[PDB]
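K.L.:
Chains as they are written, first to last, in the deposited numbering: chain AG, 1 to 75; chain AA, 224 to 335.
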Amino acid sequence: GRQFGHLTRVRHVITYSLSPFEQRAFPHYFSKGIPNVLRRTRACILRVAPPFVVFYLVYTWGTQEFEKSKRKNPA
Amino acid sequence: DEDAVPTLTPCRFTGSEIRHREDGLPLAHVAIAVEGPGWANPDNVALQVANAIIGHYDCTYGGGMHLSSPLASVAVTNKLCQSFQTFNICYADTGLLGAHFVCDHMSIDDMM
């Protein structure tokens, strides 16, 4: 539904705006990217990795398991 | 005399918008403006005339069916706003001259 003007209730707040051509496209671009970048990423890493760890452990692992299992022996 | 009499170093005024964000504002007292007179520039002469072409659409004004500012006209036909008044904001050589306005949840868009 939405659109606007039936939208919702906002009392006693305020804003500030600026025209686009004003700013610079990349303030502190490299600078700001930063352990800011590592802040998101690095922040997430621990949460991320373990499954992938198990993976490499796996395709590696079983890769060995069956791979060796393809070898022939004596007698 | 003695000291401290500098001149006006040009720059940019704010260039923004802010809503004092009010559910409590019962109906828009809206507005707008585009250069209003100030002291200096030779241009504003016709800009005056231009602002004339602009004009101020008065709520208390009647006659919208016949209104001169085409804006004003549709504003009547569409019942498209509750006010607009060309209002000239002044600084030597620059400013904003343009409509006050009043409106509900709607107008502003088509207004511009």
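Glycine included, C-beta positions come from ideal geometry on N, C-alpha and C.
#1: Whose Cβ in chain AG lies nearer than 7 Å to the Cβ of residue 336 (chain AA)?
#2: For residue 313 (chain AA), which three-state DSSP category applies?
#3: Hey, does residue 329 (chain AA) have any beta-carbon neighbour from chain AG nearer than 8 Å?
#4: Name the chain AA residues that come within less than 8 Å of residue 5 (chain AG), Cβ to Cβ?
#5: Of the residues AA:319, AA:307, AA:298 and AA:229, which one's Cα is nearest the Cα of residue 257 (chain AA)?
#6: Let me see if you follow: with CB-CB separation under 8 Å, is residue 46 (chain AG) close to chain AA or not?
#7: In chain AA, which residues lie with their C-beta within 9 Å of the C-beta of residue 17 (chain AG)?
#8: Return the Cβ separation of residue 17 (chain AG) and residue 239 (chain AA) in integer angstroms, given the expectation that the two are a contact with Cβ distance under 8 Å.
#9: Return the chain-ordered ranges of every beta strand (DSSP E) run that is complete within the region 237-270 of chain AA and spans a minimum of 3 residues.
#10: For residue 1 (chain AG), which of helix, strand or coil comes out of DSSP?
#11: Which same chain residues end up closer than 6 Å to residue 401 (chain AA) when comparing Cβ atoms and leaving out the 5 residues on each side of it in sequence?
#12: Taking residue 324 (chain AA) as part of the alpha helix (DSSP H), name the residues at either end of that continuous run.
#13: Between which two residues does the alpha helix (DSSP H) harbouring residue 45 (chain AG) extend?
#14: What are the boundary residues of the alpha helix (DSSP H) that residue 299 (chain AA) is part of?
#15: Going along chain AG in order, which residues have a C-beta closer than 8 Å to the C-beta of residue 333 (chain AA)?
#16: Closer than 8 Å, Cβ to any Cβ of chain AG: which residues of the region 254-288 of chain AA, in chain order?
#17: One question on the structure: do residue 304 (chain AA) and residue 272 (chain AA) come within less than 8 Å of each other, judged by their Cβ atoms?
#18: One question on the structure: do residue 287 (chain AA) and residue 275 (chain AA) come within less than 8 Å of each other, judged by their Cβ atoms?
P.N.:
The relevant details are as follows:
#1: Since the first residue shown for chain AA is 224 and the last is 335, residue 336 (chain AA) is missing from the structure and cannot be characterised.
#2: strand
#3: For residue 329 (chain AA), the answer is yes, since a Cβ of chain AG falls inside 8 Å of its Cβ.
#4: 327, 328 and 329
#5: With respect to the C-alpha of residue 257 (chain AA), the residue from AA:319, AA:307, AA:298 and AA:229 having the closest C-alpha is AA:319.
#6: Chain AA, which has no Cβ nearer than 8 Å to the Cβ of residue 46 (chain AG), makes this no.
#7: Within 9 Å Cβ-Cβ: 237, 238, 239, 240 and 241.
#8: 3 Å
#9: DSSP runs (the beta strand (DSSP E)) wholly in the region 237-270 of chain AA: 251-254.
#10: coil
#11: For chain AA, the structure presents residues 224 to 335; residue 401 (chain AA) sits outside this window and is missing.
#12: Here residue 324 (chain AA) belongs to no alpha helix (DSSP H); instead the beta strand (DSSP E) covers 323-326.
#13: Looking at the DSSP string, the run of the alpha helix (DSSP H) that includes residue 45 (chain AG) is 29-48.
#14: Boundaries cannot be given for residue 299 (chain AA), as no alpha helix (DSSP H) includes it and DSSP labels it neither H nor E.
#15: Taking the beta carbon of residue 333 (chain AA) as reference, no residue of chain AG falls within 8 Å; the closest one sits roughly 13 Å away.
#16: Cβ contacts with chain AG come from no residue of the region 254-288 of chain AA.
#17: Result no, Cβ atoms of residue 304 (chain AA) and residue 272 (chain AA) do not sit closer than 8 Å.
#18: Cβ distance not < 8 Å, so residue 287 (chain AA) and residue 275 (chain AA) don't count as in contact.
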